[PDB]
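Just one chain is shown here, as structure tokens, and it is the form deposited in one PDB entry.
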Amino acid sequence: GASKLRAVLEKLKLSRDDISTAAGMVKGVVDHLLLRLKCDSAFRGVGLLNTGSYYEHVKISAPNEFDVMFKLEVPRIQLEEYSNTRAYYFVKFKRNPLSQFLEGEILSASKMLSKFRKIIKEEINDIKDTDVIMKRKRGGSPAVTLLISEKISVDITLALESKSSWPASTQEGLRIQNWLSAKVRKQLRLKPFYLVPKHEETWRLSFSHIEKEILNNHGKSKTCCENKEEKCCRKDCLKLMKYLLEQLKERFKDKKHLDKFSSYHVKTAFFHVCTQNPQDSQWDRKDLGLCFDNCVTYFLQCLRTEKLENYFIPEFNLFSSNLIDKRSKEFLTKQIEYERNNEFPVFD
């Protein structure tokens, strides 16, 4: 039932105050860390990146769990693609404050994360009612997790910033020309790109700032959602997709079959649905039920075909069997089909 989707959206709206006060607590701690980090010669150019579901207004997860990125301005770097993977790179320099992090010619993610982690842990000791845990088994990103007031969790990810042209692997990505326009695609591609440490001393491409821009400025019409005539359901469809997946992951947290899926998979599928449906009239709020059904159906088709390209790097298949086994896709496919056939009881 379409009205059951609206009921979910209504209740997700109720967490807005708690997300906002928690975010205010996070900002105060993060601002103090950045000021202390800036005092170190290697991290002088550190800053907040201001990305993630909170800033996209699509935060449906726990109000006590945030993800923040610290960006670091770097000398003009030279990238070397690792093993034709299109998304992972070694970082070298064309010409250095990060010299202490070099391992031969390449920038060591291990050495940089070590100092990043040590400074944060030292500085958290002088912040009232805050502790820090090293995030393990994520290849280095996120690097640390803060615990604020014994209530709020903050995953912190380090990201190198490069103002160079985007790597060649992105040349055919971000296929927004028929939706957001060729002019916008060109303007976005003039923005920096980021590299997060992600296991070899490899770094992985990140475009979280571009995803935020697209989600918050999402219509073909510049006035999309700014008046009653132009209210669309794009952002509500994404919230519902994220909530469906999170609810199913929670329901089967015991079993192992859904642990490899993440919000990024549904977010990526959603961007492809936007490419496939570029007109605002295809997203009329009065058709929220059908729009969500088509979003679910698209995600199911990705699962069944085992194809879900990174929206920026089309040759990187998030649904490769190297990343997610076939049985996990089959399990999630069956669970979602069951839910959809029964008007989503996991939403009850």
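For clarity, a rigid core is taken as the largest C-alpha set superposing within 1.5 Å between two forms. One-based numbering along the sequence shown.
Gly52 is a gap in at least a third of the other entries compared, counting only those with both neighbours built. At least a third of the other compared entries skip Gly140 while keeping the residues on either side. Per the record, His199 and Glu200 are separated by 4 to 9 deposited residues that have no coordinates. Count the deposited residues lacking coordinates between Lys228 and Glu229 and you get none at all. Between the stretches 26-34 and 304-312, it is 26-34 that shows the larger average CA temperature factor. Between the stretches 40-48 and 313-321, it is 40-48 that shows the larger average CA temperature factor. Reading the B-factor column for the CA atoms of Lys239, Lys220, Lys212, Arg76 in the entry, the top value corresponds to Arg76. Based on the entry's C-alpha B-factors, the most elevated value among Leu188, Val273, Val132, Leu205 belongs to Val132. Annotation for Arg340: CA B-factor lies in the lowest third of the chain's modelled residues.
Among all modelled residues in this chain, the alpha-carbon of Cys295 has a temperature factor (C-alpha) in the lowest third. The PDB entry assigns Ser281 a C-alpha temperature factor belonging to the middle third of its chain's modelled residues. In this PDB entry, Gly139 carries a Cα temperature factor that places it within the highest third of its chain's modelled residues. Per the deposited record, the Cα B-factor of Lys329 falls in the lowest third when ranked against the other modelled residues of its chain.
Although it is not shown, the form deposited in another entry is what the next lines describe.
Only one of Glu105, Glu250, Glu172, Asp129 has its Cα shifted by 2 Å or more between the shown form and the other one after fitting on the core, and that residue is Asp129. After superposing the rigid core, the Cα of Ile19 is displaced by 2 Å or more between the shown form and the other one.
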